[PDB]
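Single-structure report; data block below.
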Ligand SMILES: Nc1ncnc2c1ncn2[C@@H]1O[C@H](COP(=O)(O)OP(=O)(O)O)[C@@H](O)[C@H]1O
Ligand SMILES: Nc1ncnc2c1ncn2[C@@H]1O[C@H](COP(=O)(O)OP(=O)(O)O)[C@@H](O)[C@H]1O
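Protein chains in written order, with UniProt numbering: chain A, 518 to 613, 622 to 633; chain B, 1120 to 1250; chain C, 731 to 778; chain D, 2 to 145, 152 to 454.
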């Protein structure tokens, strides 16, 4: 954790409670993965402990997302969604909730 | 060191070059699989065995996060900043312990100075809408 | 336009710029490194 | 932010004609007063303007011109201007009259080597070739046994093929010491092997080896290509007269013995003409009949001038440019026959004479300026006016030749540019042909 990230969460929380979306637009290398993961870590009220999310991203990033979800707080049920039609079909049938995030890319 | 270029044909020329001089290269490019974008990253960090990494600014310059690079060479400049800046900051990063040198390699007068003039003009006009 | 675009973004964008969190890591040195064209390049550029 | 800027390579060296870039004519064929590096000589340049259209027309053979005029009048400069005006694609063959005196071959044949060398030829040669890593190599014996067939496996980034070849190719591969895992090239036209190196796939196989490891070839194992060869009829004559192509022990050793010239027989030149006429009929060739330039022509021997009567009348011959700096000399080899320009009257009919003439002081100032800014130096106007004065006192070349010594003195005593005191000093350090001929005639008792 770092203080500027936690103050980012306290800023995002009022947007979330107002039904307002926002941009984390900080200069590169400042932990937007950590901040967007921390939506789960610093709102205790169930929606952000067992609710299903989705991440859409450039294809080179998919594994650093999947890794960083394990490094900060590994408790969340994370689904990868990349590679062959058979492999993505196997995972697609899981969401037939325990799907706390899916990690994805825009072509898919 | 990281090397960025636009043309896949040029990255093939640079791979021909770093086969010839024994520079222990590795590359990421539009043709490369997610299982390569896993492993080729994970082997450039966690090791000293790979002196140079070869990249596209578009396939490589987003979220790749190569903190083990010390320096960056733009063999091409793109018509737009941000793309270069994202590519630079994927060496110049939280978790480094060093300066970063970024080199732009440019032909005098022919065409690359027109790209660079637009990059300069954009890199200032892009400020006043934010700060 | 500048102040309106700022005021539209201020309620729902965060943009710190590096020195406000990278407090102790220094900026990039940028080296604009010039090259001449080689003789074969000068000829092919002239042919274009 | 920061910049880096480098270029360590030295320039080309400045030569006695390298300011000449073309004849400096306008589109109507009139001379500009000074352009493309030249100054003055308007009639002699407009006459060369007719000759550069003569060359580009291709129609003629053996037409010839004599640039005639005193030393320093620019004769070789106009012939160099023609060489620039034609561009690199047409052969201009520079020659000096005293080069015919070979000790390997007759004078009356050194002229034919140059005449055949000035006729250029562009050939659309189709080469068909094999290249790859040698994955397999097997020679086959057959009954009277002897080696009679060759099986070769070749591999590239585009898969692999097995090829079947003539035993002369196996003897070539054995000569090149080709073995499995080598990367090779074979043009099937010459049957010529090149061992490119050892395949880079094997570069880790030893801690220490002599080989050049090379990356695996790209595209098909077997492929055809067109090479746009530039060649001259002399290159066809001489390559057939002492053959180094093919792969037998004889061609392999005509490549070792001393490369003596030989008096090529007219039967060979005839069979070359028949062959290249067929490459022209086939559309495989374009002929580019160029220029022979004989500087100092006035000392070809009378054997040679009398050969040139026949040579300049050939339907094959190139266009020929001669230069002479001489008056009514005795012609070499005649004992005591005198004729204009040192050339027999019998040859002197066969040439269009381009008279070239002494410069005014104003043309000398203007050449010296154009020359100084080509030698890369800055010169003050009273110093250049003093060089123009020296031009009237002496000659164009001495006046030009004081420039670089003056620039040496200028930088040595710390100036940026030539001051008149530098030229005025250099004029006393170095004598000239006219002023030396005073002290050397005055002190004549002592030499
Ligand atoms: N507390 C932390 N401890 C270690 N690394 C951190 C920490 N907070 C952030 N990071 C670093 O943040 C980086 C991720 O930044 P990222 O989200 O990719 O930024 P951006 O998208 O702006 O370029 C990772 O390299 C990670 O190690
Ligand atoms: N018309 C000219 N324009 C420019 N430079 C000339 C001209 N005529 C002569 N020169 C230069 O002056 C020198 C003498 O000319 P050159 O051709 O060498 O004379 P020559 O007929 O005796 O061989 C050379 O450096 C030459 O390039």
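Using N, Cα and C, we set each Cβ at its ideal position, and we do this for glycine too.
Annotation: residue 1202 of chain B has no Cβ neighbours in chain C at a cutoff of 8 Å; minimum Cβ distance is about 15 Å.
Beta-bridge analysis with DSSP links residue 331 of chain D to D/69.
Looking at the DSSP output, residue 534 of chain A bridges to nothing. Excluding residues up to 5 positions away in sequence, 556, 557 lie with their Cβ nearer than 7 Å to the Cβ of residue 565 of chain A in the same chain. With a threshold of 8 Å between beta carbons, residue 1218 of chain B makes contact with chain C. A residue is called buried once 16 or more other Cβ atoms fall within 10 Å of its Cβ, and residue 259 of chain D, having fewer, is exposed. With a cutoff of 7 Å, residue 21 of chain D counts as near ligand 2, since its C-beta is closer than that to a heavy atom of the ligand.
Shown here, residue 1146 of chain B sits in a strand according to DSSP, grouped into three states. Taking a C-beta cut-off of 8 Å against chain A, none of the residues of the segment 755 to 770 of chain C qualify. Sequence-distant partners of residue 202 of chain D (beyond 5 residues in either direction) whose C-beta falls short of 7 Å from its own C-beta, in its chain, are 183, 185, 189, 191.
Residue 1131 of chain B sits in a helix when the DSSP states are folded into three classes. With respect to residue 193 of chain D, residue 130 of chain D sits close: the two C-beta atoms are nearer than 8 Å.
A straight line joining the alpha-carbon of residue 526 of chain A with that of residue 552 of chain A spans about 7 Å.
Excluding sequence positions up to five before and after residue 96 of chain D, its CB lies within less than 8 Å of the CB of 115, 299, 300, 301, 302, all in the same chain and listed in chain order. At a cut-off of 8 Å between beta-carbon atoms, residue 1138 of chain B makes contact with chain D. Annotated as proximal: residue 1203 of chain B and residue 1193 of chain B, with beta-carbon spacing under 8 Å.
Distance check between residue 30 of chain D and each of D/49, D/271, D/41 places D/49 closest, using alpha-carbon atoms only.
Restricting attention to C/753, C/768, C/772, C/778, the CA atom closest to the CA of residue 9 of chain D is found in C/768. Within the segment 1139 to 1218 of chain B, the complete alpha helix (DSSP H) runs of at least 4 residues fall at 1153 to 1163, 1202 to 1208. Residues 24, 25, 26, 32, 39, 79, 82 of the same chain have their beta carbon placed closer than 8 Å to that of residue 46 of chain D, with the five preceding and five following residues left out of the count. In chain order, 1138 make up the part of chain B whose C-beta sits under 8 Å from the C-beta of residue 207 of chain D. Counting the other CB atoms within 10 Å of its CB gives residue 269 of chain D a total below 16, which places it among the exposed residues. Excluding its 5 nearest sequence neighbours in each direction, residue 153 of chain D has no C-beta neighbour in its own chain below 6 Å. The C-alpha of residue 334 of chain D is placed about 24 Å away from the C-alpha of residue 17 of chain D. Against residue 745 of chain C, the close residues of chain B are 1249, 1250, in the order they occur along the chain (beta-carbon pairs closer than 8 Å). Under the 10 Å beta carbon count, residue 342 of chain D is surrounded by fewer than 16 other beta carbons and is classified as exposed. For residue 748 of chain C, the neighbours in chain A by C-beta distance under 7 Å run, in chain order, 544. Residue contact check for residue 71 of chain D against chain B: no CB pair falls below 8 Å. Using a Cβ-Cβ cut-off of 7 Å, residue 8 of chain D is close to 766 of chain C, given in chain order.
Here residue 379 of chain D is not near residue 426 of chain D, since their CB atoms are 8 Å or more apart.
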